[PDB]
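Convention: sequence-line order gives letters A, B, ...; per-chain numbering from 1.
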Amino acid sequence: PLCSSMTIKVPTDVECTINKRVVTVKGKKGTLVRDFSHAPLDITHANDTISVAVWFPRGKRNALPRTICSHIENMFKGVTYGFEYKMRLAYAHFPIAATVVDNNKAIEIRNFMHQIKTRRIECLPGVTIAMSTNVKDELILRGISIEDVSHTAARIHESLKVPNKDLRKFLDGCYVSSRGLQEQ
Amino acid sequence: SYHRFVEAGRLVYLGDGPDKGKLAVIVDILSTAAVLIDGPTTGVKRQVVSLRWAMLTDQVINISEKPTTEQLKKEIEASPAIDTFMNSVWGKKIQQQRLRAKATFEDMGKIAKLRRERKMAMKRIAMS
Amino acid sequence: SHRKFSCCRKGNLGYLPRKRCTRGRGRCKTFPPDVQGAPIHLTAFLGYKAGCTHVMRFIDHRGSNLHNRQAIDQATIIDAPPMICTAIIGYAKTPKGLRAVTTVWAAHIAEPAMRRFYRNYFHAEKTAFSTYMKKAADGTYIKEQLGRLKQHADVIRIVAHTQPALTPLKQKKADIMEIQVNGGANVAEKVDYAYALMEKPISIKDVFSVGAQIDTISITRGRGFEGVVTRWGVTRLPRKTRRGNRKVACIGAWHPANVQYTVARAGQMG
Amino acid sequence: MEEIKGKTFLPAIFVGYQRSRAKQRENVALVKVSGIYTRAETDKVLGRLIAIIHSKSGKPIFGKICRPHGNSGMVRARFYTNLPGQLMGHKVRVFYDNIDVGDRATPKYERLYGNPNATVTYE
Amino acid sequence: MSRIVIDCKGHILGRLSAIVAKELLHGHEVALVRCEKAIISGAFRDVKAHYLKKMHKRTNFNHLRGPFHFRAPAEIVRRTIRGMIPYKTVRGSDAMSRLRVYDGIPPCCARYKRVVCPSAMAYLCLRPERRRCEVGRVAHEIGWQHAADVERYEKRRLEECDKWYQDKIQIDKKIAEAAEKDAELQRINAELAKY
Amino acid sequence: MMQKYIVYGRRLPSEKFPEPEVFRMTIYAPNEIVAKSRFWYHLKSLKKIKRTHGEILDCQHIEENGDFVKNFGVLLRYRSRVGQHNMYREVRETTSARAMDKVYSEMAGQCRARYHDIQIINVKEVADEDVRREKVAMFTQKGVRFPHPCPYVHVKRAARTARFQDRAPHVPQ
RNA sequence: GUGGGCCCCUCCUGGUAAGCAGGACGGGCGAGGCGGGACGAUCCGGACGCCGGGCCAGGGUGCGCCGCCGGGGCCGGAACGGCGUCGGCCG
RNA sequence: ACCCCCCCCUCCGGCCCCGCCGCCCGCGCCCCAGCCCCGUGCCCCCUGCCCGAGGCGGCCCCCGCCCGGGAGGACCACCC
Ligand SMILES: [K+]
Ligand SMILES: [K+]
Ligand SMILES: [K+]
Ligand SMILES: [K+]
Ligand SMILES: [K+]
Ligand SMILES: [K+]
Ligand SMILES: [K+]
Ligand SMILES: [K+]
Ligand SMILES: [K+]
Ligand SMILES: [K+]
Ligand SMILES: [K+]
Ligand SMILES: [K+]
Ligand SMILES: [Mg+2]
Ligand SMILES: [Mg+2]
Ligand SMILES: [Mg+2]
Ligand SMILES: [Mg+2]
Ligand SMILES: [Mg+2]
Ligand SMILES: [Mg+2]
């Protein structure tokens, strides 16, 4: 073909401004900016809909239009609802301790498998972290940017590693349990 | 956000080949490498060129699907499209490039001394 | 073939060449790093080595085998008469490193500083700062010349000299050294502090404190021309070597057909 | 230069002798003429009087343009006397007007040993 | 015999070197500014290992005899140009002495009139999917100490030149007002016939 | 550079077979000397008539009218380093000879096969509806538009005499 | 005078093989300048008195270093693996 | 990531500032984008061929030993 293209629907609640492959979206929850100026794209904002197109695709350029359309959809859910990741602290015989600090901009971890080293993990900006007030041994990450929320939860998971042991038997850690939107 | 497209009736300026320097119109599209062009009011025969030689203007002429060198000739003349290209600032520069291509060595001598009068006038002006 | 048993090389190749030092004295090449906001303070001083003694001290450590016991320690004594600050220099950080703006000297310069400008003092005709003292007499010129260092410099240093008439030494000319002003709130506060030290004495109790750590820079004892056993610490050859056992036996393989810079050779030690 | 003093001209450069990677022919010079990019537009400067200034005497040396060289606007020139190597990279003048320099622009093999079957008169 | 001043931003290292070397041998003085903004095609990490394999070659018995490896972006460019020059002859040494290379745009060149060579600029030379890196970033990974200083100096310079442009704009509206000098309207109309 | 030729040939007549049969072929070649050689390459295999034993009656050269763009379908066979293969290709061109120029350059570039490695079985015009290759079919339509596939090529070319400029030029699109 | 030869192309014999050893038609170096193959007695061209002009073989034409553009495609080494990319054949 | 590069640390042609106190040379400044490229696809094209202030950038020049001690040392040098 000469062109490969995909189209998505723009919901009524957001404002959108696209210019030289910079997409800015804004609703109630916040305002987001991404920069897709590293790829050759022909994006078209017109008549309350969005199209992304690549002229003369040969190899992996045909893989582009669906990627840039999916990232923009995560940019409509976050600005409308927001994302929410729930982690669960798991252990055997040594309770993990967890204190939110910096007014929900950092978390400390203590006593992982009865260890002296303490763990400090700061949130990427725009992300907040609260202890569950409903069901015990569970953390809540919230934000508009899905990359930012998932990068923080993975940085916590990577901070609690059991060295030099059969990991199939020693299974303590902090694991992501729910990858969803918020529910107000 | 493209505004010039390869299509039937697009006017082009020939930038290379043996017909370099002339205008012409597209009648058919072989592939993404080549076209059939035919400009009969500017002095070009209907031939196949490489798209690497054709510079896309911003003008389209309304034409039929498979015209003939006579029908195209009267289709072109109906349109004002060629005359508006020659009035634009690109078309004016092309005109001057045709009076500076015929020059002979005695004339190169004359143009060169005039450029010396322009360089020294614009300095006898910039000093208030 | 491979060398059959394993053994490291002798000596440290990062202290090459083993030439005599050509700098005159120890020269401070780096200064401690400035911290924006810190209280202002000086960073260096110059003294003369006087002697060694030993002391008795009560050790307050934790986990150590000397935790609540007494130790005898060796101490070195350094003689430090007060230094006189005579000039202010500023530098700018540029794409070619540190470049200086200007150096502003004091109105009145003492004999120990003036002697460092001459080879023989009695015989020479004395024309150092002859014009400068006349112009700088009125203090206005200093203020204008300090009006540049406040506007262009990132680093400020003071020029200071020692007073060798308060020691048992033989020399009569001073040793002149730049001392960097660290700390402060901005550049402009470090030039008000340097001006308030002009032509005044500075005591070592007002740079260093008790219990802090310092670095000492100097030139080592000299031994002249010395062979490989002492210069480099290589093993001494057996007793029945024909032409002497204070040598390196093999100084390279056949290829490459040159002597390498990593081989121990005789020359200046100390 | 008291005879070419007022003569306007087109600029040129002497880049080197005619050569291969094995040999070098010092009796022909290669010359770069400003504004000439094609072999075809070398006709305009063909056969015209040029000159270079030897900056030890200060005098000019006169010559003429003989052939083109390559596809890209270089020419071949022959001077009254073959040039020294010191003169490479220097500027060459292509005169717009005509100058009667007599036979002081022609090469030394053509002036003598040029074979006019001619004789030595002895007055 | 003016000096040709080339702004090296956006240019391919090897395609720019070939031009300058041929100009130097024609008796031209050339300066090159902003050497840390030139471009080398390829992934940064491939380019990195290539420059770290050069630095491994030194005379085994004495490194003061060996190849010297320069770390500033201006000196890397100057050593590339020497590869295209017969620098061990008199004709070749005269050509090196006519060349200057600068990181940033320093005051000795700040009022020179600049040019570019688009046939050797990466936006016209390289395919869109080819990786590419700036010479300044490669230098910083092999030992250049002044990456942050060039940026601070570049920033202050552009602000001062941005104020200057505003007054230069007004000057053009007075300089170009001069359509009242007929003795030039007699020059433009004769140039008209030949253009 | 390719040209269309029609060749007639026949075995030399003898006593057993007076008036031998006449065989004709259509050949594409760069000139008349290559075309007659290629006629004897096939008549030797298909009919066992070496060139020593027969004679050529004509080498007709046929010039085709262009002026309109048609589809062509080429059935051929070629030889690689591991054997022999059959292949069908489609192209859009203005005359049959020009469609054979395009084929020989695609074989040389994508298969690395030269002229004497290739035997042409069939060359015919293909109506718009009957096309079977995606590349050709895209352009067998009404209203096909695309933006210029390489406008940088214009700008670089001008920069071969205009070696130095005062601003970096744009690429109009 | 010579009766120590050697190499290339095709064709062979002993040997795991060899820049190993032994044979065959024709050619070369030996005893052959010049250009090219970065570099080489033998490979690709061309075989030689001393010069001036022209044409051009072999190989090539970003800069070193004499000479280039246009167009159509694609993007040392074995068994054996590859949802890298472009193109085909059979169902 | 014991690896690699830089700091610290050793040598260091050259250069800069300051003390005592003249010469010469040149004449030219927007910036940023290339799948907005904002209306382009130019200018320059005379370094003498008739060019030759102020400011703004360059260039040159400018500094003793012997003698005796030493913490220095083959001789020299080095520090006084
Ligand atoms: K050994
Ligand atoms: K051994
Ligand atoms: K030893
Ligand atoms: K050795
Ligand atoms: K050594
Ligand atoms: K050794
Ligand atoms: K020794
Ligand atoms: K054997
Ligand atoms: K022979
Ligand atoms: K494959
Ligand atoms: K190392
Ligand atoms: K260290
Ligand atoms: Mg013995
Ligand atoms: Mg003995
Ligand atoms: Mg043998
Ligand atoms: Mg012999
Ligand atoms: Mg050779
Ligand atoms: Mg060349």
Can you name the atoms? Protein N/O to nucleotides 43-47 of chain G N/O, anything below 3.5 Å, with the distance.
none

Please list, pair by pair, any protein nitrogen or oxygen found under 3.5 Å from a nitrogen or oxygen in nucleotides 29-33 of chain H.
{"from": "H/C29", "atom 1": "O4'", "to": "E/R111", "atom 2": "O", "distance (Å)": "3.3"}
{"from": "H/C29", "atom 1": "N4", "to": "E/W164", "atom 2": "NE1", "distance (Å)": "3.1"}
{"from": "H/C31", "atom 1": "OP1", "to": "E/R114", "atom 2": "NH2", "distance (Å)": "3.4"}
{"from": "H/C32", "atom 1": "OP1", "to": "E/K9", "atom 2": "NZ", "distance (Å)": "3.4"}
{"from": "H/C32", "atom 1": "OP1", "to": "E/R34", "atom 2": "NH2", "distance (Å)": "2.7"}
{"from": "H/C32", "atom 1": "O5'", "to": "E/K9", "atom 2": "NZ", "distance (Å)": "3.4"}
{"from": "H/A33", "atom 1": "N7", "to": "F/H170", "atom 2": "NE2", "distance (Å)": "2.9"}

Identify all pairs in which a protein N or O lies below 3.5 Å from an N or O of nucleotides 32-37 of chain G, and state each distance.
{"from": "G/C34", "atom 1": "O2'", "to": "D/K23", "atom 2": "NZ", "distance (Å)": "3.3"}

Grab the N/O contacts between the protein and nucleotides 13-15 of chain H below 3.5 Å, and write none if there aren't any.
none

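Here C/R115 pairs with C/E111, C/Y121, C/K172, C/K173 under the side chain to side chain contact (heavy atoms under 4.5 Å, CB included) rule; sequence neighbours left out. Partners of C/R116 under the salt bridge (charged side-chain N to carboxylate O under 4.0 Å, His left out) rule, at least two apart in sequence or in another chain, are C/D175. Under the rule for a side-chain hydrogen bond (donor to acceptor under 3.5 Å, both in side chains), E/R100 has no partner lying at least two apart in sequence or in another chain. When the side chain to side chain contact (heavy atoms under 4.5 Å, CB included) test is applied to C/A92, the partners found at least two apart in sequence or on another chain are C/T94, C/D154. Applying the side-chain hydrogen bond (donor to acceptor under 3.5 Å, both in side chains) test to E/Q166 and every residue at least two apart in sequence or in another chain returns nothing. Among residues two or more places apart in sequence or in another chain, the side-chain hydrogen bond (donor to acceptor under 3.5 Å, both in side chains) test is passed with E/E154 by E/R157. C/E226 meets the salt bridge (charged side-chain N to carboxylate O under 4.0 Å, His left out) test with C/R223; sequence neighbours excluded.
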Exercise. Which dot-bracket string describes RNA chain G (Watson-Crick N1-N3 plus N6-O4 or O6-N4, or G-U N1-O2 and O6-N3, all under 3.5 Å; [ ] crossing; | other strand)?
Worked result: ....((((.(((.(.....).))).))))....(((......)))..............................................
